[PDB]
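Colleague: Got a structure here, written out as structure tokens. Questions coming.
So basically every Cβ, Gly included, is an ideal-geometry build from the backbone, and we count neighbours across all protein chains shown. None of the figures in this text is laboratory data; all of them are computed from the coordinates on show.
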């Protein structure tokens with residue numbers, strides 16, 4: 001709708017708005033991955049005990 | 001310096017009260033920043049009123065009073081300029097302060113996200129440091145394990 | 001009085017900035033940046049210490065030798081293949 | 001009383017000034033759209 | 001207050017002035033890329 005109504009200037013503003021979240025998604029897009037492989041290692045230790 | 005894990009838990013506790021203390025202080029500037037801003041308008045308002053009367057000062061053939069009226073406002077004219085720039089300086093400063101605060105909260109939560117993820121690993125080793133000591137492995141027969149001490153006695 | 005109020009107007013505006021730095025002086029010290037790995041950050045001290053205990057288990061009672069895994073992995077193939085080998089004949 | 005006003009405006013920030021445009025700029029489409037079909041629907 | 005500002009800027013140095021270019025110079029590609037496909041995607 002930003003560009004559909006001949007308001008592409010707003011679309012650029014809209015497009016730049018999301019980039020803030022794009023970095024945030026990537027920022028937290030990898031923190032989860034690191035935790036995932038770590039806990040499963042912790043799980044293995046507990047079962048043996 | 002207590003145990004590294006013990007200090008961390010306490011350290012984060014005092015961090016929470018820190019931000020909210022900073023939370024209150026920043027709000028004070030916003031209130032005062034507005035209060036002075038409003039104060040300026042009222043001060044500018046009253047001074048503007050005097051100029052309005054200047055029409056009647058000269059309308060009734062009393063221009064001598066108009067000069068007195070005109071000189072009266074000049075006192076407020078300087079005052080308006082005096083406070084006309086103090087607000088401008090404060091405006092650009094607080095917004096910089098605002099930027100700093102947001103990162104701390106965003107930073108603060110992410111640090112805490114991994115706080116417990118290490119505590120469990122820490123307690124994995126401590127439990128994974130005792131069982132062997134109690135019994136050990138029969139291949140070596142250390143005899144330091146309390147279990148062996150039972151056998152020898 | 002005119003001077004007094006204006007001075008006070010800026011009193012708090014500096015206190016918030018002052019408390020910005022003190023809070024902006026601790027977070028890095030607690031954790032720092034992973035690129036440098038200062039190890040002065042309390043967070044790193046946790047990482048190094050946990051490693052030390054890992055050595056005790058791996059050293060006081062050594063884990064199975066790397067060969068030991070082969071002797072058990074190389075033979076499990078015989079076990080799994082043996083059971084299915086008889087399974088095919090047993091099925092027939 | 002002003003101090004508390006900041007907490008609401010800061011602790012949970014209000015919608016951005018742009019956000020009002022994204023909703024005000026589109027409500028015109030909604031109101032105009034319904035009446036646009038209304039005229040044709042009437043006919 | 002200035003003295004503490006140095007610690008953050010020095011103990012953990014901020015991104016290099018170049019680093020801003022590497023991220024600013026590429027964001028233009030990102031923003032232009034999405035709208036470039038948007039025009040074709042719209043058509």
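Colleague: Return a yes/no flag: does the stretch E:18-34 have any residue that is within 14 Å of chain C (Cβ to nearest Cβ) and closer than 30 Å to residue C:32 by Cα.
Modeller: So the first thing to find is which residues in the stretch E:18-34 are within 14 Å of chain C (Cβ to nearest Cβ), and the list is E:19.
Filter once more, keeping what is closer than 30 Å to residue C:32 by Cα: E:19.
Yes, the stretch E:18-34 contains a residue that is within 14 Å of chain C (Cβ to nearest Cβ) and closer than 30 Å to residue C:32 by Cα.
Colleague: Taking the conditions exactly as written (facing chain C (nearest Cβ under 9 Å) and either surrounded by fewer than 11 Cβ atoms within 10 Å (Cβ to Cβ) or not in a helix (DSSP H, G or I) (or both)), does residue B:86 satisfy them or not?
Modeller: Spelling it out, it is not the case that residue B:86 is facing chain C (nearest Cβ under 9 Å) and either surrounded by fewer than 11 Cβ atoms within 10 Å (Cβ to Cβ) or not in a helix (DSSP H, G or I) (or both).
Colleague: Just to be sure, is residue C:52 loosely packed, with under 15 Cβ neighbours inside 10 Å and farther than 30 Å from residue B:9 by Cβ?
Modeller: Working: loosely packed, with under 15 Cβ neighbours inside 10 Å: yes; farther than 30 Å from residue B:9 by Cβ: no.
For residue C:52, the condition - loosely packed, with under 15 Cβ neighbours inside 10 Å and farther than 30 Å from residue B:9 by Cβ - is not met.
Colleague: If you don't mind, another one. Anything in the stretch B:1-25 that is within 14 Å of chain D (Cβ to nearest Cβ), farther than 19 Å from residue B:109 by Cβ and surrounded by 17 or more Cβ atoms within 10 Å (Cβ to Cβ)? List them, or say none.
Modeller: B:25
Colleague: When you check residue B:36 against the structure, is it assigned to a helix (DSSP H, G or I), touching a residue at least 60 places away in the same chain (Cβ under 8 Å), at the interface with another protein chain (Cβ under 8 Å from one of its Cβ atoms) and under 22 Å from the mean Cα position of the chain (by Cα), yes or no?
Modeller: no
Colleague: Suppose we keep only residues that are under 18 Å from residue B:142 (Cα atoms) and part of a helix (DSSP H, G or I) within the stretch C:56-92. Which one would you say is farthest from the chain's Cα centre (by Cα)?
Modeller: For the stretch C:56-92, the residue satisfying everything is C:60.
Colleague: It is to be established whether one or more residues within the stretch E:23-32 are out of contact with any strand residue (DSSP E or B) (no Cβ under 8 Å at 6 or more places or on another chain) and closer than 30 Å to residue C:25 by Cα.
Modeller: Scanning the stretch E:23-32, I find at least one residue that is out of contact with any strand residue (DSSP E or B) (no Cβ under 8 Å at 6 or more places or on another chain) and closer than 30 Å to residue C:25 by Cα, so the answer is yes.
Colleague: Related question: Looking at the stretch C:1-46 only, could you name the residues that are more than 8 Å from every other protein chain (Cβ to nearest Cβ) and over 34 Å from the mean Cα position of the chain (by Cα)?
Modeller: Result: C:1, C:2, C:3, C:4, C:5, C:7, C:8, C:11.
Colleague: Name, by its number, the condition in (1) under 33 Å from the mean Cα position of the chain (by Cα); (2) free of Cβ contacts under 8 Å to residues at least 60 places away in the same chain that does not hold for residue B:104.
Modeller: (2)
Colleague: As an exercise: evaluate residue B:54 against (1) more than 9 Å from every other protein chain (Cβ to nearest Cβ); (2) closer than 30 Å to residue C:34 by Cβ and give the number of the one condition it does not meet.
Modeller: (2)
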